[PDB]
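Engineer: Take this structure, written in structure tokens, and hold onto it; I'll ask about it next.
Cβ: placed from backbone, ideal geometry, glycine included. Neighbour counts: every protein chain shown. Please treat every number below as a calculation from the coordinates, not as lab data.
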Protein chains: 2
Amino acid sequence: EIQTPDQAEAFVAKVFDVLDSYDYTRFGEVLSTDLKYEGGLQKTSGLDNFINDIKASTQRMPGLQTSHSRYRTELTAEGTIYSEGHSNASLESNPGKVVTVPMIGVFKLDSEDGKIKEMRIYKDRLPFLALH
Amino acid sequence: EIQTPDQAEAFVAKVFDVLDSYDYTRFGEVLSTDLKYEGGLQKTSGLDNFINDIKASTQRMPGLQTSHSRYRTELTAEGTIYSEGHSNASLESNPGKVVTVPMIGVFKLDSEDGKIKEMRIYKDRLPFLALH
């Protein structure tokens, strides 16, 4: 059970250590099998579909590396987590070219096992064209 | 003074009625003179600079018209408002072509006059190229 913002931040940090590793075999450790994901106009239902969409992104941006920071994490009485911070990206073929944008993540947790059942990520995708 | 989420939602609705009207002479009714704005990589300081950036947007997309809906509005104990919903845009010359993206707004209020002193807007801008 996540009850404090510090516990929420610790969980989101754990989530993004898995996500930014792109070790898809571990995504199910923190993401529900029935995950509802929204990222702009991109939407997926189910953990497998989310994984396939991420794999497609890594082929659009070959050598993609990502990392994340957060400066404010809120926990609502409904249990939803709002996390405000930044999203970094670069290509392995040119690691000195880093694109960083503000990002907000909204996370709804499963009451049974604490996994993320809904994840909505808000960031401007336009700056990442600079990686090409 | 805003103390309930219902009051926060009522305020944000009034704010976007002003913003989507593009009546810059009234922006100061709800926005602080020292407004700190961030929308992706776009950042401005001061109400006049925010207004000038919006005018530039309306010249990039001649006939730009916008509207907004919200389905969740939260009020933190710090006073900050988080609002999740959608942002719609079209051109007056082709009103049937509507682009709609998810959006979250984060609003910090001035304790003196209740105006927005910091506004952070998160949406993917890439879909709006389809207006051209």
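Engineer: Scan chain B for the residue whose Cβ is closest to the axis carrying it onto chain A, then write down that distance in whole angstrom.
Structural biologist: B:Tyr122, 2
Engineer: Using θ = phi - 60° and the Karplus relation 6.51 cos²θ - 1.76 cosθ + 1.60, list the HN-Hα couplings for region A:114-119 in order, rounded to whole Hz, with x at every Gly or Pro.
Structural biologist: x, 6, 6, 9, 9, 9
Engineer: Around A:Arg125, which amide H atoms from residues at least 5 apart in sequence, or from another chain, sit under 5 Å from its own amide H, with H modelled in the peptide plane?
Structural biologist: Answer set, sorted by chain and number: B:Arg125, B:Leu126.
Engineer: Sticking with this structure for a sec: Quick one: label points 7 angstrom along Cα→Cβ at B:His86, distances to the other copies in nm, smallest first?
Structural biologist: Those separations, rounded to one decimal, come out as 3.3 nm.
Engineer: GNM, chain B, Cα, under 10 Å: largest mean-square fluctuation among B:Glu118, B:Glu84, B:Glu92?
Structural biologist: Largest GNM mean-square fluctuation: B:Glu92.
Engineer: So how compact is region A:83-132: Cα radius of gyration and Dmax in angstrom?
Structural biologist: In order Rg, Dmax, the Cα atoms of region A:83-132 give 14.4, 43 Å.
Engineer: If you take the C-alpha gyration tensor of chain A, multiply each eigenvalue by 5 and take the square root, what semi-axes do you get, largest first, in whole Å?
Structural biologist: Result for chain A: semi-axes of 25, 17, 13 Å.
Engineer: I'd like the Karplus ³J(HN,Hα) series for region B:54-68: coefficients 6.51, -1.76, 1.60, θ = phi - 60°, whole numbers in Hz, and an x wherever there's a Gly or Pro.
Structural biologist: Result, ordered by residue: 5, 4, 4, 4, 5, 7, 5, 10, x, x, 4, 10, 9, 8, 9 Hz.
Engineer: Moving on. Between Rg and the Kirkwood Rh of the protein assembly as shown, both from Cα atoms, what is the Rg to Rh ratio?
Structural biologist: When Rh is taken as the Kirkwood radius, the ratio is 0.97.
Engineer: Could you give me the ³J(HN,Hα) list for region A:84-96, computed from phi with Karplus coefficients 6.51, -1.76, 1.60 and θ = phi - 60°, whole Hz, x at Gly and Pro?
Structural biologist: Result, rounded to whole Hz: 10, x, 9, 10, 10, 8, 8, 9, 4, 6, 8, x, x.
Engineer: Considering amide H positions built from the backbone, and no H for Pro or chain starts, which residues 5 or more places from B:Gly46, or on another chain, come under 5 Å of its amide H?
Structural biologist: Those lying under 5 Å, H to H, from B:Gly46 are B:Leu35, B:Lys36, B:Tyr37.
Engineer: Among the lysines, select those whose C-alpha is under 29 Å from the C-alpha of B:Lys97, and discard any that sit fewer than 8 residues away in the same chain.
Structural biologist: Correct list for B:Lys97: A:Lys36, A:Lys43, A:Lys123, B:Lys14, B:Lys43, B:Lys55, B:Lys123.
Engineer: Right, next: Of A:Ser21, A:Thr76, A:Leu41, which is farthest on the positive side of the dipole of region A:5-131, counting Cα position, with +1 on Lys and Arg Cβ, -1 on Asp and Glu Cβ, and the Cα centre as origin?
Structural biologist: A:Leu41
Engineer: Among the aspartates and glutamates, which fall within straight-line cross-link reach of B:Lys117, defined as a Cα-Cα distance under 16 Å, with same-chain neighbours fewer than 8 residues apart omitted?
Structural biologist: B:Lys117 reaches B:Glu1, B:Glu29, B:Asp34, B:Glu38, B:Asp48, B:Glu78.
Engineer: May I ask you to report, in nm to one decimal and beginning with the shortest, the distances from B:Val18 to the same position in the other copies, taking label points 7 Å along Cα-to-Cβ?
Structural biologist: Relative to the other copies, B:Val18 has label-point distances of 4.4 nm.
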